[PDB]
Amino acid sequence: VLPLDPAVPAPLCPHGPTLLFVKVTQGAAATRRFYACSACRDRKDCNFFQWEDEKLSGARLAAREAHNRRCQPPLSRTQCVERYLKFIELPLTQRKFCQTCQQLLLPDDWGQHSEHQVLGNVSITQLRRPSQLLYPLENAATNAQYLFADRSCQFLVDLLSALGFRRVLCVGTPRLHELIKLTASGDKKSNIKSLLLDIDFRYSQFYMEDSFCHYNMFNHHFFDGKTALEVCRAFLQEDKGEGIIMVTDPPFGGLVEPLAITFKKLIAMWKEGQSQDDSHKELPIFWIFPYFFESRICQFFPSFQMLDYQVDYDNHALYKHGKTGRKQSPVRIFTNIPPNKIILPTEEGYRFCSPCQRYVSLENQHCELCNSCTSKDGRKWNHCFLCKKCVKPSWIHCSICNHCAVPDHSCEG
């Protein structure tokens, strides 16, 4: 029994309102309510823990509040915008970037970074590609910053163009953001705006207030307040809500329920003020995620189907290309956009499967008994008829269990 009440507000951690966890174990007869950190899995980075009954005293809470104020990024958002306007107006031979600090450098505070490792002659080309200048925060427990491979990212910007979107709400996709901006600015009158939402405050010194928001994705928190929140609200509400799509690449291993709750808050911002009669539209969404999360994702967004495009990364914890060659990427796209409207590059090994009106991989065989090109892995799958589905070729149909699974599994029933 959780008579859990959303009415009352969580305590505040450095990364915005904590989330409530409850443990049920040891016979499922005891409960424990506590507020943990919304966007840090292990306690090693955000060591927040408070029993719900536990109430902070005046002094102890003052300490908590000051600590939260202290853990904030060392530059205000406003300071970032001002430093940027001053930076892009220096000669090339005076644009420096400190790599040990991940900070753009104004000529006056070079001395403080003298004995650091500093990169010189930062061109505007680099400034408009921050994903290639800052090192990626690859820790799986906090950021999981795995950046798209150039080929796949260019595919995504081209797909968003051909579909006919002018605004792209980029929650957790820095590289896609920057490439959208470069395809809108250079050599094309195609207008595409992009609004990066991310917890990586390092991207604040590269985009002005209209293009970036310091944003926590697990609790729907704008670190800079209502001004930033309203930047986001206007970016959704523009053009009566038309011409907008939200692309997300959340950290692959993180809780997946609060993600859906945050995404639904965003959709709620987009649906406000829209015609009551015309309430049959949903906000077009790309949820980029490894394929084995489908069951969970479609449990929260019934209107989502999985495209067969293999999204490739420069770096990832799920696959790194071996000496034999390149291993395949488990990460796919999940959309409410009809997959028959989405055309995959035929020059990458992608063909249109007429039975399941959508594009599929070149090595993907079409299973005629669940009516879809079913081989998600790099191999050829098999169709079990008692489970009425296709399982990976290493799985077997177990007796007594009566459902498909690997040898060396736990038997049930």
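So that there is no doubt, residue numbering starts at 1 and follows the sequence shown.
Enquirer: Mean CA B-factor: is it higher for 114-122 or for 279-287?
Expert: Per the PDB record, 279-287.
Enquirer: Give the stretch, out of 145-153 and 212-220, with the larger mean C-alpha temperature factor in the deposited entry.
Expert: So the stretch with the higher mean C-alpha B-factor is 145-153.
Enquirer: Could you tell me which one of 95, 320, 77, 332 shows the highest CA temperature factor in the PDB record?
Expert: Across 95, 320, 77, 332, the entry lists the biggest C-alpha B-factor for 320.
Enquirer: Taking the C-alpha B-factors as the PDB entry records them, is residue 198 in the lowest, middle or highest third of its chain?
Expert: Bottom third by C-alpha B-factor.
Enquirer: Quick one: classify residue 161 as lowest, middle or highest third of the chain based on its Cα B-factor.
Expert: It falls in the middle third of the chain.
Enquirer: Is residue 181 in the lowest, middle or highest third of its chain when residues are ranked by C-alpha B-factor?
Expert: It belongs to the lowest third of the chain when residues are ordered by C-alpha B-factor.
Enquirer: How does residue 271 rank on Cα B-factor within its chain, lowest, middle or highest third?
Expert: Its C-alpha B-factor belongs to the middle third of this chain's values.
Enquirer: Can you tell me whether residue 130 has a C-alpha B-factor in the lowest, middle or highest third compared with the other modelled residues of the same chain?
Expert: For residue 130, whose C-alpha B-factor we compare with every modelled residue in the chain, the answer is the lowest third.
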